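Source file: my_file27.cif (mmCIF, C-alpha atoms and all ligand atoms)
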data_protein
loop_
_atom_site.label_atom_id
_atom_site.label_comp_id
_atom_site.auth_asym_id
_atom_site.auth_seq_id
_atom_site.Cartn_x
_atom_site.Cartn_y
_atom_site.Cartn_z
CA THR U 16 48.56 78.28 99.40
CA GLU U 17 48.59 76.79 95.89
CA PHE U 18 45.29 78.48 94.87
CA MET U 19 44.20 82.11 95.09
CA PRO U 20 40.74 83.53 94.76
CA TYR U 21 40.03 85.98 91.93
CA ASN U 22 37.00 88.34 91.72
CA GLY U 23 36.16 89.61 88.23
CA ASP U 24 33.14 91.53 86.95
CA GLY U 25 30.20 89.34 87.91
CA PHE U 26 32.20 86.15 88.59
CA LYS U 27 34.76 84.52 90.82
CA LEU U 28 37.11 81.49 90.68
CA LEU U 29 40.30 79.98 92.11
CA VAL U 30 43.49 80.56 90.05
CA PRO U 31 46.61 78.54 90.68
CA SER U 32 48.97 80.83 92.79
CA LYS U 33 52.08 80.00 90.66
CA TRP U 34 50.39 81.01 87.31
CA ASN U 35 50.53 84.63 86.19
CA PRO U 36 48.15 86.89 84.30
CA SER U 37 48.73 87.34 80.55
CA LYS U 38 47.92 90.58 78.87
CA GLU U 39 47.41 88.91 75.47
CA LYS U 40 43.86 88.57 73.99
CA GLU U 41 43.52 85.10 72.53
CA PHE U 42 39.65 84.88 72.11
CA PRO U 43 36.70 87.34 71.71
CA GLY U 44 35.05 88.43 74.96
CA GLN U 45 38.28 87.53 76.78
CA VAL U 46 38.40 89.25 80.17
CA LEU U 47 40.95 87.05 82.05
CA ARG U 48 43.88 84.85 81.01
CA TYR U 49 46.34 83.09 83.39
CA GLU U 50 49.24 80.97 82.26
CA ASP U 51 52.05 78.76 83.58
CA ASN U 52 55.21 80.64 82.52
CA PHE U 53 57.22 77.37 82.75
CA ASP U 54 54.78 75.75 80.22
CA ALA U 55 52.34 78.19 78.66
CA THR U 56 50.27 75.19 77.26
CA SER U 57 48.94 75.10 80.82
CA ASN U 58 46.51 78.04 80.95
CA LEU U 59 43.02 79.30 81.69
CA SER U 60 40.66 82.01 80.33
CA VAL U 61 37.34 83.48 81.24
CA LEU U 62 35.18 84.87 78.39
CA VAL U 63 32.00 87.00 78.79
CA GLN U 64 29.93 87.57 75.66
CA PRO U 65 26.39 88.91 75.17
CA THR U 66 23.66 86.42 74.22
CA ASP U 67 19.89 86.28 73.48
CA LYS U 68 19.65 82.89 75.30
CA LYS U 69 18.13 82.77 78.86
CA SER U 70 19.68 79.51 79.98
CA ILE U 71 22.69 77.43 79.06
CA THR U 72 20.19 74.68 78.25
CA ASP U 73 18.89 76.81 75.28
CA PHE U 74 22.14 75.60 73.57
CA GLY U 75 20.89 72.05 73.66
CA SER U 76 22.91 69.36 75.51
CA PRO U 77 26.55 69.81 76.74
CA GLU U 78 27.79 68.18 73.56
CA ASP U 79 25.68 70.54 71.43
CA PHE U 80 27.04 73.56 73.34
CA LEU U 81 30.57 72.21 72.73
CA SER U 82 29.92 72.22 68.97
CA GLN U 83 28.88 75.90 69.08
CA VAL U 84 31.96 77.11 70.92
CA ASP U 85 34.41 74.78 69.13
CA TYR U 86 36.73 77.75 68.26
CA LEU U 87 37.76 77.55 71.89
CA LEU U 88 39.48 74.16 71.32
CA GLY U 89 42.01 75.62 68.83
CA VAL U 108 41.77 69.58 66.54
CA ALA U 109 42.11 66.51 64.32
CA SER U 110 39.92 64.75 66.94
CA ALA U 111 38.01 65.74 70.05
CA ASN U 112 36.88 63.00 72.55
CA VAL U 113 34.38 63.97 75.30
CA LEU U 114 35.69 62.32 78.47
CA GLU U 115 32.80 63.50 80.61
CA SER U 116 29.98 65.96 80.86
CA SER U 117 27.73 67.19 83.66
CA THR U 118 24.97 69.64 84.40
CA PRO U 119 25.72 70.94 87.94
CA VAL U 120 23.46 73.46 89.64
CA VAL U 121 25.07 75.98 91.93
CA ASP U 122 23.04 78.44 93.92
CA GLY U 123 20.06 78.26 91.65
CA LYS U 124 22.04 78.52 88.39
CA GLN U 125 22.28 75.71 85.87
CA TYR U 126 25.87 75.14 84.68
CA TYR U 127 27.30 72.90 82.02
CA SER U 128 30.74 71.35 82.43
CA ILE U 129 32.58 69.53 79.64
CA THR U 130 35.91 67.64 79.64
CA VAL U 131 37.42 67.11 76.19
CA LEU U 132 40.57 65.57 74.95
CA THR U 133 41.93 67.03 71.71
CA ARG U 134 44.75 66.39 69.24
CA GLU U 140 50.39 63.44 69.57
CA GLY U 141 50.34 66.12 71.07
CA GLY U 142 47.32 65.69 73.39
CA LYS U 143 45.43 68.46 75.29
CA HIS U 144 42.91 68.01 78.14
CA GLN U 145 40.49 71.01 78.12
CA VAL U 146 37.74 71.54 80.66
CA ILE U 147 34.89 74.08 79.78
CA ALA U 148 32.44 75.34 82.41
CA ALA U 149 29.60 77.70 81.29
CA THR U 150 26.41 79.40 82.36
CA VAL U 151 23.98 82.12 81.14
CA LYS U 152 23.25 85.15 83.28
CA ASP U 153 21.92 88.59 82.56
CA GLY U 154 22.05 88.38 78.73
CA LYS U 155 25.73 87.18 79.04
CA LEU U 156 27.32 83.86 78.30
CA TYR U 157 30.12 83.23 80.79
CA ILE U 158 32.71 80.66 79.83
CA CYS U 159 35.64 79.39 81.89
CA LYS U 160 38.19 77.27 79.92
CA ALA U 161 41.19 75.60 81.51
CA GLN U 162 43.73 73.25 79.81
CA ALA U 163 46.97 71.31 80.14
CA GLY U 164 49.02 68.95 77.99
CA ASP U 165 48.59 65.20 78.53
CA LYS U 166 51.94 64.66 80.38
CA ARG U 167 51.64 67.72 82.67
CA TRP U 168 48.03 66.66 83.38
CA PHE U 169 49.09 63.41 85.05
CA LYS U 170 52.18 65.09 86.64
CA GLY U 171 50.06 67.53 88.71
CA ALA U 172 48.18 69.88 86.39
CA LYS U 173 44.92 67.96 86.56
CA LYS U 174 44.33 69.47 90.05
CA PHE U 175 44.74 73.03 88.72
CA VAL U 176 42.56 72.57 85.63
CA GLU U 177 39.74 70.93 87.53
CA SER U 178 39.74 73.23 90.53
CA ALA U 179 39.69 76.40 88.36
CA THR U 180 36.69 75.19 86.37
CA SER U 181 34.87 73.63 89.40
CA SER U 182 35.34 76.81 91.38
CA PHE U 183 33.93 79.12 88.64
CA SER U 184 30.69 80.80 89.70
CA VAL U 185 28.75 83.84 88.57
CA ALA U 186 26.34 86.12 90.39
ZN ZN E 1 45.49 62.70 77.68
#
If you took the structure in this file and wrote it as structure tokens, what would it be?
Ligand SMILES: [Zn+2]
Amino acid sequence: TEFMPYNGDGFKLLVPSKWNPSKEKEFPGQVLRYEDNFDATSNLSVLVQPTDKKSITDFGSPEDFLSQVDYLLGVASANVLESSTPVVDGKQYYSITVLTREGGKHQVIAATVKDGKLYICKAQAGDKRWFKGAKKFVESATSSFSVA
């Protein structure tokens, strides 16, 4: 109904059914981008980049990882609402929720390491759309992200 599964190269996730794919490359390693055409500040991207790390935990804690992929957030200020270290089907993931700025953005990052690749899912919405229904879309897309 409101969500549709997507299968990429080595990963899958749920994308909101009303968002559309964007052909524009915003970040390096970008392989998917979906956006709300009524408010393009609501969007999501999946990045796949090579790495020498063997685990997401080689990055240090969730907050340490966040500091190393901070280009993804563009910030006068970043506030970490929550972080977690969920394990899905054997794989360690990190998940981080960050609020950046009046003007506010809620960004959720989910990440794991597999096969000499760093796989990053980032979903965001603006503060007002967040509380008006976007929170569901942002959190499902990042919660649903899994690699194989
Ligand atoms: Zn907010």
Could you list the protein, DNA and RNA residues that have any atom within 10 Å of ligand ZN 1 (chain E), counting all atoms listed in the file, and write them as a PDB file with C-alpha atoms, in the coordinates of the input?
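And here's selection-v9.pdb as it stands now:
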ATOM      1  CA  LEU U 114      35.690  62.320  78.470  1.00  0.00           C
ATOM      2  CA  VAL U 131      37.420  67.110  76.190  1.00  0.00           C
ATOM      3  CA  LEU U 132      40.570  65.570  74.950  1.00  0.00           C
ATOM      4  CA  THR U 133      41.930  67.030  71.710  1.00  0.00           C
ATOM      5  CA  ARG U 134      44.750  66.390  69.240  1.00  0.00           C
ATOM      6  CA  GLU U 140      50.390  63.440  69.570  1.00  0.00           C
ATOM      7  CA  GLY U 141      50.340  66.120  71.070  1.00  0.00           C
ATOM      8  CA  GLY U 142      47.320  65.690  73.390  1.00  0.00           C
ATOM      9  CA  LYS U 143      45.430  68.460  75.290  1.00  0.00           C
ATOM     10  CA  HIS U 144      42.910  68.010  78.140  1.00  0.00           C
ATOM     11  CA  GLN U 145      40.490  71.010  78.120  1.00  0.00           C
ATOM     12  CA  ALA U 163      46.970  71.310  80.140  1.00  0.00           C
ATOM     13  CA  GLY U 164      49.020  68.950  77.990  1.00  0.00           C
ATOM     14  CA  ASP U 165      48.590  65.200  78.530  1.00  0.00           C
ATOM     15  CA  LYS U 166      51.940  64.660  80.380  1.00  0.00           C
ATOM     16  CA  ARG U 167      51.640  67.720  82.670  1.00  0.00           C
ATOM     17  CA  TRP U 168      48.030  66.660  83.380  1.00  0.00           C
ATOM     18  CA  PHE U 169      49.090  63.410  85.050  1.00  0.00           C
TER      19      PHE U 169
END
Near-residue 124 (chain U) list (12 Å; all atoms listed in the file; drop same-chain fewer than 5 positions) as a short mmCIF file (atom, residue, chain, number, x, y, z; two decimals) with C-alpha atoms, in the frame of the given file:
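As written to disk, around.cif reads:
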data_model
loop_
_atom_site.label_atom_id
_atom_site.label_comp_id
_atom_site.auth_asym_id
_atom_site.auth_seq_id
_atom_site.Cartn_x
_atom_site.Cartn_y
_atom_site.Cartn_z
CA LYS U 69 18.13 82.77 78.86
CA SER U 70 19.68 79.51 79.98
CA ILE U 71 22.69 77.43 79.06
CA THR U 72 20.19 74.68 78.25
CA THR U 118 24.97 69.64 84.40
CA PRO U 119 25.72 70.94 87.94
CA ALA U 149 29.60 77.70 81.29
CA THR U 150 26.41 79.40 82.36
CA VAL U 151 23.98 82.12 81.14
CA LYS U 152 23.25 85.15 83.28
CA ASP U 153 21.92 88.59 82.56
CA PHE U 183 33.93 79.12 88.64
CA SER U 184 30.69 80.80 89.70
CA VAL U 185 28.75 83.84 88.57
CA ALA U 186 26.34 86.12 90.39
#
Next item on the list: Compile the contact shell of region 31-37 of chain U as a PyMOL selection string: residues with an atom at most 8 Å away, counting all atoms listed in the file, same-chain residues fewer than 3 positions apart removed.
Entry: chain U and resi 16-19+47-52+175+179
Q) Which distance in Å separates CA of residue 38 (chain U) and CA of residue 171 (chain U), to one decimal? A)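 Those two atoms sit 25.2 Å apart.
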Test item: which residues lie within 8 Å of (36.3, 82.0, 81.2) counting only C-alpha atoms, as a PyMOL selection string: chain U and resi 45-47+59-63+148-149+157-160
